[PDB]
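Participant: If it helps, the file is called protein-v8.pdb and holds PDB, C-alpha atoms (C1' of nucleotides):
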```
ATOM      1  CA  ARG A  12      -5.080  43.643 -21.115
ATOM      2  CA  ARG A  13      -4.210  41.222 -22.428
ATOM      3  CA  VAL A  14      -6.639  38.331 -21.871
ATOM      4  CA  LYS A  15      -9.836  39.370 -20.078
ATOM      5  CA  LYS A  16     -11.234  35.851 -19.576
ATOM      6  CA  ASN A  17     -13.533  35.321 -16.604
ATOM      7  CA  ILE A  18     -14.589  31.943 -15.206
ATOM      8  CA  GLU A  19     -16.353  30.651 -12.121
ATOM      9  CA  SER A  20     -14.502  27.548 -10.937
ATOM     10  CA  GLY A  21     -11.025  27.319  -9.467
ATOM     11  CA  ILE A  22      -9.076  26.093  -6.468
ATOM     12  CA  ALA A  23      -6.397  28.529  -5.293
ATOM     13  CA  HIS A  24      -3.780  26.728  -3.204
ATOM     14  CA  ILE A  25      -2.963  28.631  -0.001
ATOM     15  CA  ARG A  26       0.199  26.848   1.137
ATOM     16  CA  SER A  27       1.440  28.341   4.389
ATOM     17  CA  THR A  28       4.995  27.501   5.415
ATOM     18  CA  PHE A  29       7.470  28.303   8.166
ATOM     19  CA  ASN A  30       9.101  31.399   6.660
ATOM     20  CA  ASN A  31       6.376  32.775   4.345
ATOM     21  CA  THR A  32       3.281  31.591   2.483
ATOM     22  CA  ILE A  33       2.175  32.094  -1.135
ATOM     23  CA  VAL A  34      -1.463  31.856  -2.251
ATOM     24  CA  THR A  35      -1.442  30.897  -5.931
ATOM     25  CA  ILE A  36      -5.057  31.595  -6.941
ATOM     26  CA  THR A  37      -5.095  28.897  -9.596
ATOM     27  CA  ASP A  38      -7.721  27.519 -11.995
ATOM     28  CA  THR A  39      -9.976  24.472 -11.724
ATOM     29  CA  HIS A  40      -7.892  22.748 -14.378
ATOM     30  CA  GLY A  41      -5.952  24.924 -14.348
ATOM     31  CA  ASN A  42      -3.883  28.041 -14.857
ATOM     32  CA  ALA A  43      -2.648  30.540 -12.304
ATOM     33  CA  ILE A  44      -4.843  33.623 -11.986
ATOM     34  CA  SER A  45      -2.920  35.722  -9.451
ATOM     35  CA  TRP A  46       0.513  34.347  -8.480
ATOM     36  CA  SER A  47       0.769  36.856  -5.642
ATOM     37  CA  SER A  48       1.793  35.753  -2.164
ATOM     38  CA  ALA A  49       3.316  37.057   1.074
ATOM     39  CA  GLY A  50       6.259  38.390  -0.930
ATOM     40  CA  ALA A  51       3.901  40.967  -2.414
ATOM     41  CA  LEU A  52       3.814  42.159   1.155
ATOM     42  CA  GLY A  53       7.020  44.171   1.132
ATOM     43  CA  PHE A  54       7.970  43.179   4.671
ATOM     44  CA  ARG A  55      10.839  40.732   4.287
ATOM     45  CA  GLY A  56      12.310  38.429   6.900
ATOM     46  CA  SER A  57      10.706  38.147  10.326
ATOM     47  CA  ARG A  58       7.598  40.224   9.573
ATOM     48  CA  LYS A  59       7.020  38.076   6.450
ATOM     49  CA  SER A  60       5.603  35.180   8.498
ATOM     50  CA  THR A  61       3.043  36.716  10.865
ATOM     51  CA  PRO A  62      -0.736  36.346  10.456
ATOM     52  CA  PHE A  63      -0.828  39.877   9.066
ATOM     53  CA  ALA A  64       1.144  38.287   6.234
ATOM     54  CA  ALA A  65      -1.792  35.909   5.831
ATOM     55  CA  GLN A  66      -4.405  38.683   5.789
ATOM     56  CA  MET A  67      -2.237  40.799   3.492
ATOM     57  CA  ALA A  68      -1.477  37.914   1.128
ATOM     58  CA  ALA A  69      -5.183  37.150   0.870
ATOM     59  CA  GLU A  70      -5.778  40.895   0.476
ATOM     60  CA  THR A  71      -3.568  41.245  -2.598
ATOM     61  CA  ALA A  72      -4.216  37.823  -4.141
ATOM     62  CA  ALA A  73      -7.916  38.063  -3.346
ATOM     63  CA  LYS A  74      -7.836  41.464  -5.048
ATOM     64  CA  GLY A  75      -6.470  39.667  -8.100
ATOM     65  CA  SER A  76      -9.179  36.998  -7.987
ATOM     66  CA  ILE A  77     -11.608  39.897  -7.875
ATOM     67  CA  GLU A  78      -9.772  41.015 -11.024
ATOM     68  CA  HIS A  79     -10.750  37.700 -12.619
ATOM     69  CA  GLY A  80     -14.088  38.140 -10.837
ATOM     70  CA  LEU A  81     -14.874  34.466 -10.183
ATOM     71  CA  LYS A  82     -17.362  34.251  -7.321
ATOM     72  CA  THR A  83     -17.091  30.607  -6.204
ATOM     73  CA  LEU A  84     -13.571  29.239  -5.683
ATOM     74  CA  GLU A  85     -12.393  27.207  -2.692
ATOM     75  CA  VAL A  86      -9.014  27.152  -0.914
ATOM     76  CA  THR A  87      -6.649  24.458   0.371
ATOM     77  CA  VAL A  88      -3.752  24.304   2.835
ATOM     78  CA  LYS A  89      -0.378  22.713   2.059
ATOM     79  CA  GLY A  90       2.651  22.423   4.320
ATOM     80  CA  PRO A  91       2.467  22.700   8.115
ATOM     81  CA  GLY A  92       2.737  26.362   8.975
ATOM     82  CA  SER A  93       1.522  29.303  11.028
ATOM     83  CA  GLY A  94      -0.903  31.248   8.818
ATOM     84  CA  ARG A  95      -3.682  28.801   8.003
ATOM     85  CA  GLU A  96      -6.431  30.577   9.945
ATOM     86  CA  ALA A  97      -5.784  33.969   8.340
ATOM     87  CA  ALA A  98      -5.686  32.146   5.010
ATOM     88  CA  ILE A  99      -9.061  30.527   5.742
ATOM     89  CA  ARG A 100     -10.951  33.591   7.002
ATOM     90  CA  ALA A 101      -9.066  35.931   4.674
ATOM     91  CA  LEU A 102      -9.700  33.648   1.694
ATOM     92  CA  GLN A 103     -13.352  32.634   2.069
ATOM     93  CA  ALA A 104     -14.051  35.532   4.434
ATOM     94  CA  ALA A 105     -12.621  37.991   1.916
ATOM     95  CA  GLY A 106     -16.159  38.494   0.607
ATOM     96  CA  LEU A 107     -16.698  35.420  -1.575
ATOM     97  CA  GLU A 108     -18.307  31.978  -1.372
ATOM     98  CA  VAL A 109     -15.005  30.150  -0.830
ATOM     99  CA  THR A 110     -16.129  27.136   1.192
ATOM    100  CA  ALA A 111     -13.821  24.252   0.238
ATOM    101  CA  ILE A 112     -11.112  23.306   2.751
ATOM    102  CA  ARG A 113      -8.623  20.558   1.885
ATOM    103  CA  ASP A 114      -5.381  19.345   3.486
ATOM    104  CA  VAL A 115      -2.308  19.084   1.254
ATOM    105  CA  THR A 116       0.502  18.775   3.767
ATOM    106  CA  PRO A 117       2.492  16.227   1.741
ATOM    107  CA  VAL A 118       2.939  13.560   4.408
ATOM    108  CA  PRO A 119       5.315  11.128   2.665
ATOM    109  CA  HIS A 120       4.503   7.533   3.560
ATOM    110  CA  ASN A 121       7.998   6.259   2.970
ATOM    111  CA  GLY A 122      10.658   8.761   2.023
ATOM    112  CA  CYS A 123      14.105  10.228   2.512
ATOM    113  CA  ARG A 124      15.203  11.452   5.911
ATOM    114  CA  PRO A 125      15.113  15.231   6.474
ATOM    115  CA  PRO A 126      18.192  17.214   7.511
ATOM    116  CA  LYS A 127      19.882  16.836  10.877
ATOM    117  CA  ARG A 128      18.497  18.961  13.705
ATOM    118  CA  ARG A 129      18.484  21.816  13.790
TER     119      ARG A 129
ATOM    120  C1'   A B   1      14.893 -51.721  36.372
ATOM    121  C1'   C B   2      11.131 -46.922  36.411
ATOM    122  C1'   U B   3       9.573 -41.857  34.720
ATOM    123  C1'   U B   4       8.861 -36.047  35.926
ATOM    124  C1'   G B   5      14.295 -34.661  33.346
ATOM    125  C1'   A B   6      15.429 -34.438  28.121
ATOM    126  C1'   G B   7      13.768 -36.205  23.311
ATOM    127  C1'   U B   8      10.228 -38.300  19.477
ATOM    128  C1'   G B   9       4.976 -38.589  18.325
ATOM    129  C1'   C B  10      -0.276 -36.512  17.915
ATOM    130  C1'   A B  11      -3.161 -32.000  17.627
ATOM    131  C1'   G B  12      -3.262 -26.751  18.197
ATOM    132  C1'   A B  13      -1.629 -21.728  18.264
ATOM    133  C1'   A B  14       1.327 -17.623  17.047
ATOM    134  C1'   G B  15       5.059 -14.125  15.084
ATOM    135  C1'   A B  16       8.791  -7.383  11.361
ATOM    136  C1'   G B  17      13.007 -15.227  12.768
ATOM    137  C1'   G B  18      15.885 -15.995   7.791
ATOM    138  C1'   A B  19      17.174 -16.622   2.214
ATOM    139  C1'   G B  20      15.777 -15.864  -2.971
ATOM    140  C1'   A B  21      12.288 -13.806  -6.820
ATOM    141  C1'   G B  22       8.314 -10.601  -8.160
ATOM    142  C1'   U B  23       4.768  -6.404  -7.265
ATOM    143  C1'   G B  24       2.595  -1.976  -5.248
ATOM    144  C1'   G B  25       1.635   2.775  -3.864
ATOM    145  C1'   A B  26       2.486   8.046  -0.726
ATOM    146  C1'   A B  27       6.676  11.687  -0.887
ATOM    147  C1'   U B  28      11.359  14.321  -2.646
ATOM    148  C1'   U B  29      14.578  15.331  -6.770
ATOM    149  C1'   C B  30      15.237  15.891 -12.032
ATOM    150  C1'   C B  31      13.172  16.423 -17.073
ATOM    151  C1'   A B  32       9.265  17.977 -21.102
ATOM    152  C1'   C B  33       5.158  21.292 -21.978
ATOM    153  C1'   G B  34       0.984  24.417 -20.439
ATOM    154  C1'   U B  35      -0.519  28.846 -16.531
ATOM    155  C1'   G B  36       1.678  33.050 -14.379
ATOM    156  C1'   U B  37       5.027  37.282 -12.277
ATOM    157  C1'   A B  38       9.022  39.331  -9.274
ATOM    158  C1'   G B  39      10.245  37.364  -6.028
ATOM    159  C1'   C B  40      11.626  32.108  -4.061
ATOM    160  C1'   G B  41      14.651  30.519  -0.314
ATOM    161  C1'   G B  42      16.696  30.495   4.429
ATOM    162  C1'   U B  43      17.288  33.065   9.916
ATOM    163  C1'   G B  44      17.911  34.531  16.288
ATOM    164  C1'   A B  45      18.658  38.816  12.393
ATOM    165  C1'   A B  46      20.788  38.401   7.743
ATOM    166  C1'   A B  47      23.713  36.879   3.772
ATOM    167  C1'   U B  48      25.669  33.213   0.277
ATOM    168  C1'   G B  49      22.363  30.550  -3.350
ATOM    169  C1'   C B  50      18.074  30.453  -7.120
ATOM    170  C1'   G B  51      14.878  33.740 -10.191
ATOM    171  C1'   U B  52      12.867  38.396 -16.441
ATOM    172  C1'   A B  53      17.557  32.489 -20.115
ATOM    173  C1'   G B  54      10.383  33.101 -16.817
ATOM    174  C1'   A B  55      11.788  31.033 -10.649
ATOM    175  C1'   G B  56       8.339  29.823  -6.548
ATOM    176  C1'   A B  57       3.583  28.164  -6.777
ATOM    177  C1'   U B  58      -0.042  25.229  -9.919
ATOM    178  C1'   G B  59      -1.649  21.476 -14.005
ATOM    179  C1'   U B  60      -0.270  17.189 -16.778
ATOM    180  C1'   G B  61       3.040  13.286 -18.121
ATOM    181  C1'   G B  62       7.749  10.549 -17.885
ATOM    182  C1'   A B  63      12.502   8.549 -15.595
ATOM    183  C1'   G B  64      15.194   6.786 -11.346
ATOM    184  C1'   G B  65      16.760   5.619  -6.482
ATOM    185  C1'   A B  66      15.848   4.897  -1.447
ATOM    186  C1'   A B  67      12.350   4.030   2.638
ATOM    187  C1'   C B  68       7.633   1.985   3.488
ATOM    188  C1'   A B  69       2.996   6.793   7.376
ATOM    189  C1'   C B  70      -1.597   4.872   8.827
ATOM    190  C1'   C B  71      -2.190  -0.282  11.857
ATOM    191  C1'   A B  72       2.149   0.641  15.811
ATOM    192  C1'   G B  73       1.850  -0.279  21.487
ATOM    193  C1'   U B  74       7.534  -0.004  28.287
ATOM    194  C1'   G B  75       3.112  -5.340  21.313
ATOM    195  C1'   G B  76       5.363  -9.826  18.625
ATOM    196  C1'   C B  77       9.871 -13.023  16.915
ATOM    197  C1'   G B  78      15.234 -14.116  17.274
ATOM    198  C1'   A B  79      21.216 -16.840  20.328
ATOM    199  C1'   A B  80      22.637 -11.614  19.895
ATOM    200  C1'   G B  81      23.385  -7.700  16.356
TER     201        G B  81
END
```
Starting from the coordinates I provided, produce the structure as structure tokens.
Facilitator:
Amino acid sequence: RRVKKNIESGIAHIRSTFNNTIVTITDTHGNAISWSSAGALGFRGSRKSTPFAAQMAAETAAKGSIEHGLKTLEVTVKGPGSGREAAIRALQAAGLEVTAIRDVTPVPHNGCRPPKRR
RNA sequence: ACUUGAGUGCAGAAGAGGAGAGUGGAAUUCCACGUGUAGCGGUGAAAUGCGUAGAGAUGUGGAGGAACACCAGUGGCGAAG
């Protein structure tokens, strides 16, 4: 309701950040399965960055990936943040065979300067 | 008059020394379309701002500018900047 498609493969980006962290449980191509993140955790502001936000974000979004039912799907980290461990153990240690671990902190080789500090 | 000073020669070595042309990627923005929903964002805590006109994220492709990570180090070069 509507589309009940179920597939095995997929790589759901778990991109922790400074403020919050969204785990978009995407497809191997692909399309987004469960676009649920730490904002689905109703705690907003300071409590929306703790490691309980990691375990809760993987709880809801992993519940969605159980809704699509794909058994084997790895995870990846993007952006230097403070929830990566709860994303790892909550993601692969949510009860699946998630065993891929990449590093997608976009370290720009050249690039524009960031804002003044701070 | 003479040769170490200083210069020429001969052979080596080295460098982000300079000027002009061309090329290459990583990253950000923006745009087009797929996928998807209700948050994204920021903070000391929030709000302004963005988002159901479909955002964030994710996939693909295109345009453009600026700076070149790793080597890289109280390393090198320059009269100094």
Participant: Please provide the set of residues having any atom within 9 Å of residue 51 of chain B, restricted to only C-alpha atoms (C1' of nucleotides), with same-chain residues fewer than 6 positions apart removed, written as a list in words.
Facilitator: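 Close residues of residue 51 of chain B: residues 38, 39 and 40 of chain B.
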Participant: Store the residues of this selection in a file with C-alpha atoms (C1' of nucleotides), as a PDB file, in the frame of the given file.
Facilitator:
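For reference, again-v2.pdb as written:
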```
ATOM      1  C1'   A B  38       9.022  39.331  -9.274  1.00  0.00           C
ATOM      2  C1'   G B  39      10.245  37.364  -6.028  1.00  0.00           C
ATOM      3  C1'   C B  40      11.626  32.108  -4.061  1.00  0.00           C
TER       4        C B  40
END
```
Participant: Starting from the displayed file, determine the output of the PyMOL selection byres ((chain B) within 12 of (chain A)) and express the residue list as a VMD selection string.
Facilitator: chain B and resid 25 to 29 34 to 47 55 to 60 65 to 70
Participant: I would like the residues chosen by the PyMOL selection byres ((chain A and resi 78-92) around 8) on the shown file; could you give them as number ranges by chain?
Facilitator: A: 15-29, 44, 74-77, 93-95, 99, 102-103, 107-117
Participant: Write out, as a PDB file, in the coordinates of the input, the residues just selected, with C-alpha atoms.
Facilitator:
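Contents of again_32.pdb, freshly written:
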```pdb
ATOM      1  CA  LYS A  15      -9.836  39.370 -20.078  1.00  0.00           C
ATOM      2  CA  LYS A  16     -11.234  35.851 -19.576  1.00  0.00           C
ATOM      3  CA  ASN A  17     -13.533  35.321 -16.604  1.00  0.00           C
ATOM      4  CA  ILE A  18     -14.589  31.943 -15.206  1.00  0.00           C
ATOM      5  CA  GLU A  19     -16.353  30.651 -12.121  1.00  0.00           C
ATOM      6  CA  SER A  20     -14.502  27.548 -10.937  1.00  0.00           C
ATOM      7  CA  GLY A  21     -11.025  27.319  -9.467  1.00  0.00           C
ATOM      8  CA  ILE A  22      -9.076  26.093  -6.468  1.00  0.00           C
ATOM      9  CA  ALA A  23      -6.397  28.529  -5.293  1.00  0.00           C
ATOM     10  CA  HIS A  24      -3.780  26.728  -3.204  1.00  0.00           C
ATOM     11  CA  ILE A  25      -2.963  28.631  -0.001  1.00  0.00           C
ATOM     12  CA  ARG A  26       0.199  26.848   1.137  1.00  0.00           C
ATOM     13  CA  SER A  27       1.440  28.341   4.389  1.00  0.00           C
ATOM     14  CA  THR A  28       4.995  27.501   5.415  1.00  0.00           C
ATOM     15  CA  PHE A  29       7.470  28.303   8.166  1.00  0.00           C
ATOM     16  CA  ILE A  44      -4.843  33.623 -11.986  1.00  0.00           C
ATOM     17  CA  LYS A  74      -7.836  41.464  -5.048  1.00  0.00           C
ATOM     18  CA  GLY A  75      -6.470  39.667  -8.100  1.00  0.00           C
ATOM     19  CA  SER A  76      -9.179  36.998  -7.987  1.00  0.00           C
ATOM     20  CA  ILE A  77     -11.608  39.897  -7.875  1.00  0.00           C
ATOM     21  CA  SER A  93       1.522  29.303  11.028  1.00  0.00           C
ATOM     22  CA  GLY A  94      -0.903  31.248   8.818  1.00  0.00           C
ATOM     23  CA  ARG A  95      -3.682  28.801   8.003  1.00  0.00           C
ATOM     24  CA  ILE A  99      -9.061  30.527   5.742  1.00  0.00           C
ATOM     25  CA  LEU A 102      -9.700  33.648   1.694  1.00  0.00           C
ATOM     26  CA  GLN A 103     -13.352  32.634   2.069  1.00  0.00           C
ATOM     27  CA  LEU A 107     -16.698  35.420  -1.575  1.00  0.00           C
ATOM     28  CA  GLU A 108     -18.307  31.978  -1.372  1.00  0.00           C
ATOM     29  CA  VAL A 109     -15.005  30.150  -0.830  1.00  0.00           C
ATOM     30  CA  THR A 110     -16.129  27.136   1.192  1.00  0.00           C
ATOM     31  CA  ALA A 111     -13.821  24.252   0.238  1.00  0.00           C
ATOM     32  CA  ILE A 112     -11.112  23.306   2.751  1.00  0.00           C
ATOM     33  CA  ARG A 113      -8.623  20.558   1.885  1.00  0.00           C
ATOM     34  CA  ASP A 114      -5.381  19.345   3.486  1.00  0.00           C
ATOM     35  CA  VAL A 115      -2.308  19.084   1.254  1.00  0.00           C
ATOM     36  CA  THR A 116       0.502  18.775   3.767  1.00  0.00           C
ATOM     37  CA  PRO A 117       2.492  16.227   1.741  1.00  0.00           C
TER      38      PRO A 117
END
```
Participant: Which residue is closest to residue 73 of chain A? Choose from A:55, A:127, A:13, A:100 and count all atoms listed in the file.
Facilitator: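 Residue with the minimum atom-to-atom distance to residue 73 of chain A: A:100.
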Participant: Enumerate, as a ChimeraX atom specification, the residues matched when the PyMOL selection byres ((chain B and resi 14) around 9) is run on the file above.
Facilitator: /B:13,15,76
Participant: Atom CA of residue 72 of chain A to atom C1' of residue 50 of chain B: how many Å, to one decimal?
Facilitator: 23.7 Å
